[PDB]
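The sequence shown lines up with residues 46 to 73, 76 to 211, 225 to 363, 385 to 400 when you count with PDB author numbering.
Report on one structure; see the data block that follows.
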Amino acid sequence: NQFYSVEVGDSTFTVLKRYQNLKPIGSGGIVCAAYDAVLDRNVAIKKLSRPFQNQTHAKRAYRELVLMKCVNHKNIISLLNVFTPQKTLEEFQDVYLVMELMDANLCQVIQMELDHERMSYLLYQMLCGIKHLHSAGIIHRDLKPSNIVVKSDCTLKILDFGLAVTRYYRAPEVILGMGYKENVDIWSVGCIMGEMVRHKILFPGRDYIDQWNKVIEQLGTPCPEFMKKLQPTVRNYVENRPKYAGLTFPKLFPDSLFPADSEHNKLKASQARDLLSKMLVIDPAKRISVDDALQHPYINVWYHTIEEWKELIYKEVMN
Ligand SMILES: N#Cc1c(NC(=O)c2ccccc2F)sc2c1CCCC2
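Written out as C-alpha cells, the structure is:
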C-alpha cells in the first residue's frame, strides 16, 4: 500500500505516504498543510470530493486540472503533484492536488495596516499574474482575496482560473452580464486594493441588486455611452434606479486612511488614490488596462455527463 488514511474532521484524507503530519489550513473543498518526505519541504494538499457530482463541479475541476499543469508563472499556482488513491475508473472517487505551501490568504493581509511598499508589491504581483493569464487566453473575471495566497516574504499566487459565492469583486460587466475585455480583471484588483485601504468590502450586498446600488452611490450613475452598450432589458433596469452624483476619490478614501508621517508616504498616498480611480471605473472603455496599471508610478517601482466527466478527469489524473 502506497497510501494511508487520516481524519481531519469528518474528511478522510487518503494520501501518499510521502506526505506527513497533515493539518488543516483552509476551506472556502478541503485543504491541508503537510510535510513532504521526498522533497523535504512543506506542501498544501487539497482534496476534491467526487468532483464529478455534476456539470458545474466537473467542468471547473477538469479545466483547473488541465490549466494548472499547462500554465507556468511565479504568480499563479502550479502543481507539484496530482493523485487519486482509487485504482480503477470504477472505484475512482477523489482527486488530490499538491502545491508549494503558502502561509496566508489575502483576507488576512487586508486586515493589517500595510505600508505602500508591501501593498504595491502585492498589487504588482496580481497584475503580473493577471497579465500572464490574459496572454494565455485566460480572462479570470473572478478575483477575490480568498482565491489569492501569500508567503511571509510577500510573494503572492493566484489559486484558481476563474469562470469559463462571494460576488463583491466582480466587475459591472459581470454583475450586469455584458461581454468583457481583459480589463474586467482590473476592476477586481481595484476592489481588492480599496479594501486594503478602507478595511471594509467596497461593494457588499445580499445580491446583485444591493451590489449595484453600492456601486452607483459611491461612484455615481455612469454616463450615457456606457448605457448604450447594455442590452434592452438590463439597460432599462439600470437607467431606472434612483440616480446618484457619486463621491470623488479623496472623499471615498480620505487621507486619514493613509500614513502622512513623511513626504514619501504623502506622495505614495496621492499615487495610490490616483490608481484606485482608474481601476474603480464602471465603464470598461474608460477603465485602465493591465499594461498601463503596471506602468503606474505606484506600481512601476517593482518592474459532458457525470459518467463522461469522470473519465475525462481520470485520464488527466492518470497523465
Ligand atoms: N498554500 C496554500 C493555501 C491553499 N491552497 C489551495 O487552496 C490549493 C488550491 C489548488 C491546489 C492546491 C491547493 F493546496 S488554501 C489556503 C492556503 C494557505 C492558507 C489560507 C488558505
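Here a beta-carbon is modelled for each residue, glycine too, at the ideal position from N, C-alpha and C.
- In the displayed model, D83 falls within a strand according to three-state DSSP.
- In terms of Cβ geometry, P232 and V275 form a close pair [threshold 8 angstroms].
- Between ligand 1 and the CB of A81, the shortest heavy atom gap is not smaller than 7 angstroms.
- In this structure, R165 sits away from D189, with a CB-CB distance that is not shorter than 8 angstroms.
- Contact annotation: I77 and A91 have beta-carbon atoms that are not nearer than 8 angstroms.
- For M399, the enclosing alpha helix (DSSP H) has its first and last residue at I387 to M399.
- Judged by their CB atoms, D87 and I177 are not nearer to each other than the 8 angstroms cut-off.
- If you check the C-beta of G71 against ligand 1, you find a heavy atom less than 7 angstroms away.
- A distance below 8 angstroms between beta-carbons, with the five flanking residues on each side excluded, links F48 to the following residues of its chain, in chain order: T59, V60, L61, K62 and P132.
- If you check the C-beta of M159 against ligand 1, you find no heavy atom less than 7 angstroms away.
- Short of 7 angstroms from the beta carbon of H163, and not among the five residues preceding or following it, lie these beta carbons of its own chain, in chain order: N325, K328 and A332.
- The three-state secondary structure of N101, taken from DSSP, is coil.
- Counting C-beta pairs with one atom in each stretch, the region 144–154 and the region 117–127 have three or more that are closer than 8 angstroms, which means they touch.
- If you compare the alpha carbons of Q100, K94, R97 and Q65 with that of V85, the shortest gap goes to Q65.
- Of all alpha-carbon atoms in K204, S56, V129 and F139, the one lying nearest the alpha-carbon of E389 is that of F139.
- In the three-state scheme derived from DSSP, where H, G and I count as helix and E and B as strand, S96 is classed as strand.
- The Cβ-Cβ distance between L174 and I359 falls below 8 angstroms.
- Taking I235 as the centre and dropping the five residues before and after it, the same chain places the C-beta of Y268, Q271 and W272 closer than 7 angstroms to its C-beta, in chain order.
- Counting the other Cβ atoms within 10 Å of the Cβ of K391 gives 16 or more, which makes it buried.
- The nearest non-hydrogen atom of ligand 1 is less than 7 angstroms from the C-beta of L206.
- Residue pairing by DSSP places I123 opposite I205 in a beta bridge.
- Under the three-state reduction of DSSP, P292 is assigned to helix.
- In this structure, the beta-carbon distance from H187 to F208 falls below 8 angstroms.
- A distance of 8 angstroms or more separates the beta carbons of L393 and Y143.
- DSSP places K68 within a strand segment (E or B) once states are collapsed to three.
- If you draw a straight line from the Cα of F318 to the Cα of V257, it comes to about 7 angstroms.
- With contacts defined by Cβ atoms closer than 8 angstroms, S349 and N243 form a contacting pair.
- Following the DSSP letters along the chain, one finds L279 inside the alpha helix (DSSP H) bounded by residues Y268 to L279.
- The beta carbon of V249 lies closer than 8 angstroms to those of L170, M173, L174, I177, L190, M339 and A353 in the same chain, with the five residues before and after it left out.
- Less than 8 angstroms divides the Cβ of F309 from the Cβ of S337.
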